[PDB]
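Listed next as structure tokens is one chain, alone, in the form deposited in one PDB entry.
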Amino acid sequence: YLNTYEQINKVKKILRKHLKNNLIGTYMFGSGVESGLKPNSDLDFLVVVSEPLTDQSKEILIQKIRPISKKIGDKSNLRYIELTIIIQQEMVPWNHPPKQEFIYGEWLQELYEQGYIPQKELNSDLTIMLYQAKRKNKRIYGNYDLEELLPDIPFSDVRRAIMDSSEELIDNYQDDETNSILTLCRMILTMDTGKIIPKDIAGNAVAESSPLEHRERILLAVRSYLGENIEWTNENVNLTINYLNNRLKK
């Protein structure tokens, strides 16, 4: 069917074909460029455009990227494709939270079938994305590197972007237990040392640095992201999520 080289290229060509010269650059970030592209990692694309997309231009992007990506239940070699589109002019003057023009994500697929087209939205998670992408990124198209397309984002805004998304996360940990546990730990480290680390090894770092009760649940979420079917319905994630939330507060 498709391997990851084909995935990189069809996504690369879908964007130059259906956005023409509105496309300034397309970049890859996340744990695929950071700490190596393991066969388990996800494909996080970042796309910079000049002018806004009209809803149907955002709709063909959904429909053509749709078969290219891995569905949540897919027990195959395909990996998730997460692409966010930002507009360069909507980025200066810098201001948290930043503006976002488009987003593809497979957690939004149930909404995609019902007719949802991601429209202009303010996302605070985007602040840490651009911060870690300005640092380490792989450019697959464009005449400029990502760092000359975004202003210097201050570390004062990531620290609040960390915590703004923190207490957004404490409310809706439900049904995303495995991922939200490891994300908070990555945020504990990103705001203590300043390094953004894969959630795989971010969990084990705080694991042995935390009480046993939460230690067990941190390591249980280490496995479930590596496959390893784990049913959280009787584990008390509320306690560990409450613990990591307060440990981050500083």
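All residue numbers are counted from 1 along the displayed sequence. Here the rigid core means the biggest group of C-alpha atoms that line up within 1.5 Å when the two forms are laid on top of each other.
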Mean temperature factor over C-alpha atoms, higher-scoring stretch between 158 to 166 and 105 to 113: 158 to 166
Given 62 to 70 and 216 to 224, the range whose Cα B-factors average higher in the PDB entry: 216 to 224
Identity of residue with top Cα B-factor, from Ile181, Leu46, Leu43, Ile196: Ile196
CA B-factor ranking of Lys99, expressed as a third of its chain: middle
Third of chain Cα B-factors occupied by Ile8: lowest
Ranked against its chain, the third holding the CA B-factor of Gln56: highest
B-factor third for the C-alpha atom of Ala205 within its chain: middle
CA B-factor placement of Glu177, once the chain's modelled residues are sorted into thirds: highest
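Just so it is clear, the following notes concern the form deposited in another entry, a form of the same protein that is not shown.
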Mobile residue between this form and the one not shown, C-alpha criterion 2 Å or more, rigid core, from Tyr131, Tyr112, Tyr173, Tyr80: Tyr173
Core-aligned CA displacement of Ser41 at least 2 Å between this form and the one not shown: yes
Rigid core superposition, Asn229 Cα moves 2 angstroms or more between this form and the one not shown: yes
